[PDB]
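Position one of the sequence shown corresponds to residue 628 (UniProt numbering), numbered consecutively onward.
Don't be surprised by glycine CBs; every beta carbon is placed ideally from N, CA and C.
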Amino acid sequence: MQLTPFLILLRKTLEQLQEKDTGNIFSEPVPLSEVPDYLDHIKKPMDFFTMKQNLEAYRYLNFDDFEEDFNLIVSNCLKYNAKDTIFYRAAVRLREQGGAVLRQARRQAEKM
Ligand SMILES: CC(=O)Nc1ccc(-c2cn[nH]c2)c2cccnc12
């Protein structure tokens with residue numbers, strides 16, 4: 628596999644995942660100023676902006692490491708937020724809608 632088409636695919640896939648986050652709940656890091664206890668609960672924060680930085684830093688060289696950071700966005704939000712919140716339900720929705728984006732993207736990567 629060649630690096631350039633793979634990274635193009637990851638860029639497109641990240642854009643598609645961001646489209647599913649219609650409230651932009653996951654676009655940027657959880658603001659530690661407004662959630663002071665966040666790092667008490669979440670060992671590795673993640674968000675789509677950090678994922679973009681990691682992608683461009685060549686930190687994602689296989690689909691699993693891209694998907695692992697996506698799964699961190701979801702799992703961190705399920706962990707931190709109570710089930711009766713918009714935040715929790717948004718992570719459930721992103722897991723469902725984003726999973727479908729990821730499966731098709733991984734098949735494209737496997738054809739490379
Ligand atoms: C992605 C996420 O877990 N975000 C957040 C959870 C909880 C809170 C929060 C709820 N109450 N106080 C902070 C957030 C506040 C601002 C921005 N993001 C928040």
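> How about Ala732 and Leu634: are their beta carbons less than 8 Å apart?
Replying inline: no
> Using the rule of at least 16 other Cβ atoms within 10 Å of the residue's Cβ for burial, across every protein chain shown, is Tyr687 buried or exposed?
Replying inline: buried
> If you draw a straight line from the alpha carbon of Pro632 to that of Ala684, how long is it in whole angstroms?
Replying inline: 16 Å
> When you compare only the Cα positions, how much space is there between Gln629 and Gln735?
Replying inline: 13 Å
> Can we count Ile635 as close to ligand 3, meaning its CB is less than 7 Å from some heavy atom?
Replying inline: Absence of ligand 3 from the depicted structure is noted, with ligand 1 being the only ligands included.
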